[PDB]
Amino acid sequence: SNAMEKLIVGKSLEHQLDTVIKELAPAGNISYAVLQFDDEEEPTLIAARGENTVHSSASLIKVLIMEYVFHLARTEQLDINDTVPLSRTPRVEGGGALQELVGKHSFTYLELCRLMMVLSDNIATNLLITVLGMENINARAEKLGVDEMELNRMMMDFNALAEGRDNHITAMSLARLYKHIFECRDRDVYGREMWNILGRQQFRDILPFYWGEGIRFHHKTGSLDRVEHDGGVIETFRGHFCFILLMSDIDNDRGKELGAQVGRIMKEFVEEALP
């Protein structure tokens, strides 16, 4: 099928998702996008809702940070095996492994990207921001054409949030970032590692909840008070698909439940219904 036929068939997916959103979170601010990804082709939009609405990024901005590290490595501006001391940023909580450490430790850029992504480690993230520079990370978003994504604050910076500086994303900017990463996945060792890191995500409480342990998803979740997000790429027999779900102004428990339903509907649809 061409793109137009896929879009037409996708209306049935929009209807199914909008139905379940209305049942479970009628007052939430819920955005999604479902796209088909093919090598060297523009993504094919299948279904969307509020796909350009700005949401709190919560941890999803970490995907951009990872991309930037691997870009610097590929362009020989850093060695991914050079180390950064744990001491280089203040300890913050909110999840991760490094918050539990007390001794003298150093981690490579690789190790930090890994922990930032697969366990949403906030200290790993802040170490990377500290060493790379927030302005430089945003400049990379501009270069990639995803600058609706913005990094304006460190992880766990409560003051910044209160003073109106928050990290932001949209469903389509994150989808475009994932498409860029998808395109790099077989290019070189750096692209491959980003893809593998995405696929080793440890939090499977949202989109892949019903899929089973055997189904790899290349993804990252985000959570803050009343914000639950999950977005990434699944490889299926009918191709790769990008699933992005952003949920704001929702009870956290309800968001997780809604995201479980939505991920099941998306996966069945692209695997069984979509030509």
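Sequential numbering from 1, following the sequence displayed.
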Per the PDB entry, mean CA B-factor is higher for 174-182 or 146-154, namely for 146-154
Looking at the entry, does 34-42 or 241-249 show the higher mean C-alpha B-factor? 34-42
Highest recorded Cα temperature factor - choice among 115, 72, 134, 123: 134
So if I compare the CA B-factors in the entry for 86, 129, 78, 194, which one is the largest? 78
Please rank the C-alpha B-factors of the chain's modelled residues and tell me whether residue 97 sits in the lowest, middle or highest third. lowest
Splitting the chain's C-alpha B-factors into thirds, which one does residue 108 fall into? lowest
The third of the chain into which the C-alpha temperature factor of residue 265 falls is the middle
What third of its chain's C-alpha B-factors does residue 168 belong to: lowest, middle or highest? highest
In terms of its chain's C-alpha B-factors, the third that includes residue 233 is the lowest
